[PDB]
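Listed below are the residues making up each chain.
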Amino acid sequence: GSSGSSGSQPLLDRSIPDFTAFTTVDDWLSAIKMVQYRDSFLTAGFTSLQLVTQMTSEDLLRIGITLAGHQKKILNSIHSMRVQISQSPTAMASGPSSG
């Protein structure tokens, strides 16, 4: 038939959510519509976002999350999380002996 016409390309997200408005996995996931994986992280051992901030796409496939379309959202959040919360700056630096 003659339906399904779009006169515009897929733009990006200009509006950014509040990364500094979380506290727990159940809450965080619920803020990204990914609450469905609230048990995947819980049982996996990741009860605090502080532990998820140091995770990766691999960890998602380890707990069960194997949806490329879903991981795109999680990682997109985790990356911004570690940056905002959890102060984990560079470690391996400076001279071999200083103090």
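Rules and cut-offs
Residues numbered from 1 in each chain as written, not as in the entry; some residues may be left out. Heavy atoms only, no water. Helix = DSSP H or I, 4+ residues; strand = E, 2+ residues; numbered from the N terminus. Contact = heavy atoms within 4.5 Å. Areas by Shrake-Rupley, 256 points an atom, 1.4 Å probe, with all protein chains shown as cover. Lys, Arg positive; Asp, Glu negative; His and termini not counted. Charge placed at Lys NZ, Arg CZ, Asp CG, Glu CD. Buried < 20%, exposed > 50% of the residue type's maximum accessible area, 1.4 Å probe, protein only. Salt bridge = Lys/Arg side-chain N within 4 Å of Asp/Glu carboxyl O.

Structure determination for this entry, per the PDB record, employed solution NMR.

(A) Main features of the overall build of the chain. When helices and strands are tallied, the chain shows five helices and zero strands. In the chain, the succession of helices and strands from N to C terminus is α-α-α-α-α. Principal-axis analysis of the C-alpha atoms places the extent of the chain at approximately 75 × 35 × 25 Å. Relative to all contacts within the chain whose residues are 6 or more apart in sequence, the contacts with residues 24 or more apart total 49%. Just so you have it, the chain exposes about 7700 Å², and 47% of that area is on carbon and sulfur atoms. Of the charged side chains in the chain, 7 are positive and 7 negative; the average position of the first set lies 8 Å away from that of the second.

(B) Focus on the side chain of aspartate 59. Checked against the element boundaries, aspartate 59 lands in helix α4 (residues 57-63). Of the side chains bearing the opposite charge, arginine 62 lies closest to the buried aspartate 59, which forms no salt bridge; the N-O distance is 7.1 Å. Residues contacting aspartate 59, with those up to four places away along its chain left out, are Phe41 and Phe46.

(C) Structural view of unusual backbone geometry. The residue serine 86 is not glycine, and still its phi comes out positive at about 60 degrees. The topology assignment puts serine 86 in the segment after α5 (68-84). Phi is positive for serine 94, close to 60 degrees, though the residue is something other than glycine. With respect to the secondary-structure elements, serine 94 resides in the segment after α5. On the basis of relative accessible area, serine 94 is assigned to the exposed category, the value being 74%.

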